[PDB]
């Protein structure tokens, strides 16, 4: 009862997973790099009783198409918007991680009416310099290498280091070979890996690239002035988001609850699917109940 579907969008196709009844509010689950909707498989069933769950594979990821495009942040945003409009989604809760949070922020910034509430974790923000990126020097060095011409191509295009090393390296439990197999399956060819190389090159570090830095600064400003309900999950030590940074960040926002998942790195869904799922489903039930009173 989680089904997979394809729709033609722009110059390609996109796939998504869907579950829950269709008369409930839309809930869009947005993955990051280098995962797919697969990452939300144990969480969607917990949200399905209160929401119509849709979990897209980003263009170039999962079961979505592999068009010949730049795979920049703005391309990812363009294809996700086009899937959303093709599905008729005018109002939704957003649930997101990594580049999925950049996409969510940027989406809420452009369409402030759409957002019924945002649940997010391990998010991206403009980073003034490298010390603002991640929690350990080994991760900075890896991403500096990804961002280096030739070197990055060799690590990710030739050796698939993002899927084969970064991903399992930032998850606490050991993934089954079935699980890894699902994570590597979209990236069997050298060229198919390109979107996984483009994204770390789009991370806004020390003002480069400038277009994404600008876009994510505007989206963080809009997030900060937003009034919709918000839920920030955080792991210890986390990766992009330490616990102390979470508390600090949360108080630049309105209506942002901070939920502690405990021990975790960057991909929190594989370590805490139950906690995330129950938290989000309860949150939606509360927002929907409180909004029905109020509007009565």
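Residue numbers count along the first chain shown, from 1.
Taking only CA atoms, the mean B-factor in the PDB entry is higher for 251-259 than for the other of 251-259 and 229-237. Averaged over their C-alpha atoms, the temperature factors of 64-72 and 22-30 are higher for 22-30.
Going by the entry's values, 129 shows the largest Cα B-factor out of 129, 81, 211, 122.
Each of 201, 220, 110, 165 has a CA temperature factor in the record; the biggest one is found at 165. The deposited CA B-factor of residue 189 belongs to the highest third of values across its chain. For residue 154, the recorded CA temperature factor ranks within the highest third of the chain's modelled residues.
Sorting the modelled residues of the chain by their CA temperature factor places residue 265 in the highest third. The PDB entry assigns residue 215 a C-alpha temperature factor belonging to the lowest third of its chain's modelled residues.
In this PDB entry, residue 139 carries a Cα temperature factor that places it within the highest third of its chain's modelled residues.
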